[PDB]
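Just below is one structure, and these are the notes that go with it.
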Amino acid sequence: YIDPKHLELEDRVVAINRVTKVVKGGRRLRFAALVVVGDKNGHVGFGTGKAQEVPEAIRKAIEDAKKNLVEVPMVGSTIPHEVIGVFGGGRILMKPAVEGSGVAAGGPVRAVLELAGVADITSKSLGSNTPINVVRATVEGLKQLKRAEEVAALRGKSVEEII
Amino acid sequence: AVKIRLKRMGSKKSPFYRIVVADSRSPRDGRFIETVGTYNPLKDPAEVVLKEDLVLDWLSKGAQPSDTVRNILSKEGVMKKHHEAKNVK
Amino acid sequence: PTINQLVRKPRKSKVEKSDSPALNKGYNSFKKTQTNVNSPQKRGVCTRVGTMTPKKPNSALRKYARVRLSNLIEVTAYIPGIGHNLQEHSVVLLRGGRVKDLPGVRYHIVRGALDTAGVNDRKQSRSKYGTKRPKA
Amino acid sequence: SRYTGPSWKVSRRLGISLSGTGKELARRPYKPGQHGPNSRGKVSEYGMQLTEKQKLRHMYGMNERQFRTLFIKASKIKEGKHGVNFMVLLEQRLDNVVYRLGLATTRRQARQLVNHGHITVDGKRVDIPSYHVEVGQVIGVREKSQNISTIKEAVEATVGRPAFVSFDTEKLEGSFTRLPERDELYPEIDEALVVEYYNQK
Amino acid sequence: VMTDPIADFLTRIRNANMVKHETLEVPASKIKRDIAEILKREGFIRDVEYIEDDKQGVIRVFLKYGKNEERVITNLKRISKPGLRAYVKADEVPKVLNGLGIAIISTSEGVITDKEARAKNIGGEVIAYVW
Amino acid sequence: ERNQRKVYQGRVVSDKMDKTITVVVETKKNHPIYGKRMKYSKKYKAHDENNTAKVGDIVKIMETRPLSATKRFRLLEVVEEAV
RNA sequence: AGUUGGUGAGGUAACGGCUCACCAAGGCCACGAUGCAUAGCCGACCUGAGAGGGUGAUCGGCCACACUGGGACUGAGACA
RNA sequence: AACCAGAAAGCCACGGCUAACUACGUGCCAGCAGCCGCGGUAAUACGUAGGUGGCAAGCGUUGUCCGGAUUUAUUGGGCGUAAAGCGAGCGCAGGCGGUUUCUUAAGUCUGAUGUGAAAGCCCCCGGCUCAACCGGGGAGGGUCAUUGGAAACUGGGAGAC
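Protein chains in written order, with the authors' numbering: chain e, 3 to 165; chain p, 2 to 90; chain l, 2 to 137; chain d, 2 to 202; chain h, 2 to 132; chain q, 4 to 86.
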């Protein structure tokens, strides 16, 4: 839902692509932007925007992303279980990992996973490789992580009985 | 023609042997029937390990240890035990 | 498909090709036989040497030499480096590698490795082109 | 090959003492090369992990056909952080201890010492630099000819001793207390970058 | 022709859950009752009750929801579908979502969950997942 | 005598020949890759010195010793006679 | 078309169409016979998250060949 | 034990994929390239020079096999318009099957024994100044063979709806 902004943030301009539009005469080019934001503790989001010049565009996109933030429940610096998230061609697979192993995941999804404060994880893109839909599918995947406590409360019994 | 003997296992200068009861036709390091301990000539005094049960039956059923294995079996009270328990019945 | 179909159907594949067939000879002695010889090169005699023109949009006069491989198959190869010594009736080696701005040739010879002379000026990348280091 | 570089360029480039612990920082702020005194584009991700690895290496003077095997040796301890246990294992090499024992103010001088037969372990002479020094082996000094100036001079620089090294000044005897650990072991560069770099090896 | 009824049961539950209403009627039989029971202990199905007239039928099942209007049972899936039956030995017992889920196996001593299998070193045929 | 042979059961296919019938065993196997239970069959050949059994009948046999060029089984008893 | 089965004989370390005389028409095939084409087989090696895929050189086991095609003697043991 | 820093460093590359840039030279010629593509007067792409980076007694090119390929999809793909529902039926063979009682135990799980040569890969220990290497001792691999159990599932037998 609506998350405020009172914690530190981190930014990484993932990708930009000079985009044009034709009009009687020549062509006119804009520069979009694609930035995700996090605090490397378990809060992540991303945004976008476009402007005539690149610093302006990235400032816009930055200001955008800070209005979408997700939770990413973690346990011991690794996702709580296996998950699969799909959004319009974005197949993204994620599985837990061993301590101190290291993240093995493609570029665009690496930026998401890192800024969320993830230490050891594995993944594999499957299909789409657009720097946008991949990110959307990733975030959808993260939105699916269940949790021991949450399930303990949902189902009748209590945790350490759901083993 | 079963006849227990030695088998070379060392690499280039440092040999090593394991006493192995084999048929007589098969080549030096070719096949065999089974292993019976080993023995290291290097590092005098020569160190040796045996079973002392496999042998006391592979001789009883009949087999002719070659010269070197005969020495290394005499130094281990093997031949003695055989000649003791057999020439008396 | 339903699993029962693959049971009664082979479900094959699409075996790939090769990029240099003349390097896997269709044997010829004594009785003109079959191939197991996937070498890294062969040799032949230069039957003629000339220049030819590439395709658009490039523009040059590429220098080539038609050869005859020992295994009795004809091939039109390419020669690298600035200048050469190749003329008619000369034995030379054949290194496998395609060249795209010119059609019809998919092999090119190796410099200095045989009858052909190494390039005579290069000072920076003489490993290829077969040029011995200058010791003053 | 072992070493030719004048030891500034390696130090100046990556930007860590490497290992005088006090840089010779005069024009050292920027990297070597005529294109050093002006910045350039950003460093790629690949570039980052490469900086990490190359920086970890030159601190010790090892090959590449060997760094890999060292790495893979550590991959089996079955306990702890692969990068941390690697780093540990990296410190038990002989020349390291010699340097950590303060018998020479550089890994190069330590290589000379341990490489021209000048010292020993447990009494018997050993010379191959990459020997795997275990825990609790009292390295000696082979006192046949331990009267070299540099030998005693470097011992006179008793600046510090990490909390896993016990060593006397008289008989020049040292040893190893326990296994080291990250917090005290040559901060700080990184372990995750390397432990990654050997997945896209 | 209805040629696989356990799959139908699971699909009925998944449908009736996805639209979020509360009750469900299914023709009753031997094993359907048993998997219903199993699904009831684990804190998945709020309640069941058996009613029969002269034939099959009918297992009524009242679904379960979170206080904040969120679904507890989140999906369903059959495994040893006809045409290709699937078995598993004791050293292969599946384990869905690192425990947060369950799976249901037909041991030679009955129908039980998976933990109950590994605490007994048995194999059998696996019916279905759920999580 | 201390052990047995590969006693198989099976139903008769055709017994035109003298003192000789043609049992067919049958069993089911698993595919190498897939797990679908195919099924194939064998055709054995037995020796009945009195032409007892008749067509479409179930019997059980036992392997004996090379008793012809390709005839090496023995009949034991018609388990379930049919008509 | 000795093909499949039977009766009998002969023969072999040894059962048997292995070979002979007589008798009856059988046998195998869509669950791939017959034909055509390539290869010696295995312990293993290479790669792969894994299922798998590709190779059978050094070392061990087996089978088969000795200029090409036939035949047998001596012998416990060879068609050497 | 003696003597000498003394006799002992090359190779590929630097436009993006990819780590590492500027002069001079030529001017759609010479030429280069694995793919995008560079070369018609101020070329980080061609040639030399000087720097830099990667490896280092090695370094590059060719040829071949697996990978990345979820591009033969059992794990693991699809068929409205992108390649792809036969023009439609009748149907032998085959694949799959309503619900319940008793039964059997082929398929299924499980137990004991034999067996899966030695050397290999792996685990522990040990010996050459360490390392390759060598040595001892353990596991792994069957869809195998014999023998004992269980009866839910599928199959076979006698039933009832």
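All C-beta atoms in this analysis are idealised placements derived from N, C-alpha and C, irrespective of residue type, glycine included.
Within the segment 30-46 of chain h, the residues whose Cβ lies closer than 8 Å to some Cβ of chain e are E43, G44 and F45, listed in chain order.
Any Cβ of chain d closer than 9 Å to the Cβ of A121(e) would place that residue at the interface, and such an atom is present.
Here the alpha carbon of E75(l) sits roughly 35 Å from the alpha carbon of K124(l). With fewer than 16 neighbouring CB atoms inside 10 Å of its own CB, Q7(q) falls in the exposed class. Under the Cβ distance rule, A87(h) counts among the residues neighbouring chain q, one pair being separated by less than 9 Å. Taking 9 Å as the threshold, the shortest C-beta distance from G124(h) to chain q does not fall below it. Here the C-alpha atom of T25(q) lies approximately 12 Å from the C-alpha atom of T73(q).
Under the DSSP assignment, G129(e) falls in the beta strand (DSSP E) whose first and last residues are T124 to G129. Between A67(e) and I18(e), the CB-CB gap reaches or exceeds 9 Å. Beta-bridge partners of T36(p) (DSSP): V21(p).
Closer than 9 Å to the CB of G111(h) there is not a single CB belonging to chain e. Comparing alpha carbon positions, the residue from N72(l), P11(l) and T3(l) closest to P22(l) is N72(l). Residues of chain d whose Cβ lies closer than 9 Å to the Cβ of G108(e) do not exist, since the nearest Cβ in that chain is about 11 Å away.
Separation of the CB atoms of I110(l) and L95(l) is rounded to 6 Å, and the pair is thereby assigned contact status at 8 Å.
Within chain d, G81, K82, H83, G84, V85, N86, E192, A193 and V196 have C-beta atoms less than 9 Å from the C-beta of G102(e), given in sequence order.
Of the candidates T30(q), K57(q) and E4(q), the residue whose Cα lies closest to the Cα of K45(q) is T30(q). Closest option to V195(d), judged by alpha-carbon separation, among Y47(d), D96(d) and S8(d): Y47(d). With 16 or more other Cβ atoms inside 10 Å of its own Cβ, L147(e) counts as buried. Under DSSP, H133(d) shares a beta bridge with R94(d).
Boundaries of the beta strand (DSSP E) around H109(l): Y108 to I110. Chain e places no beta carbon closer than 9 Å to that of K21(h), leaving this residue out of the contacts. By alpha-carbon distance to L79(q), the top candidate from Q12(q), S17(q) and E4(q) is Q12(q). The secondary-structure analysis by DSSP pairs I105(h) across a beta bridge with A129(h). Residue environment analysis places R94(d) among the buried positions, since at least 16 neighbouring C-beta atoms fall within 10 angstroms of its C-beta.
For the segment 74-100 of chain h, the residues whose beta carbon sits under 7 Å from a beta carbon of chain e are, in order, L98, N99 and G100. Interface criterion met: the Cβ of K39(q) is under 9 Å from a Cβ in chain l. In summary, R6(p) is buried, with 16 or more beta-carbon neighbours lying within 10 Å of its beta-carbon over all protein chains present. Proximity of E70(h) to chain e, defined by a Cβ-Cβ separation below 9 Å, is not satisfied.
Here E35(p) has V21, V22 and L55 as same chain residues with Cβ atoms under 8 Å from its own Cβ, once five neighbours each way along the sequence are excluded. DSSP, read as helix, strand or coil, puts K56(d) in helix. Taking a contact as a CB-CB distance under 8 Å, the pair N59(l) and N39(l) does not count as one, their CB atoms being some 32 Å apart. At a cut-off of 3 residues, the continuous stretches assigned as beta strand (DSSP E) that sit fully inside the segment 54-87 of chain e are 85-87. The contact set of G67(h) on chain e, defined by CB atoms closer than 7 Å, consists of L156 in chain order.
With a threshold of 9 Å between beta carbons, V105(e) makes contact with chain d. Under DSSP, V15(e) takes part in a beta bridge, and its partners are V37(e). In this structure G137(d) touches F177(d) by the C-beta definition: roughly 7 Å separates them, less than 8 Å.
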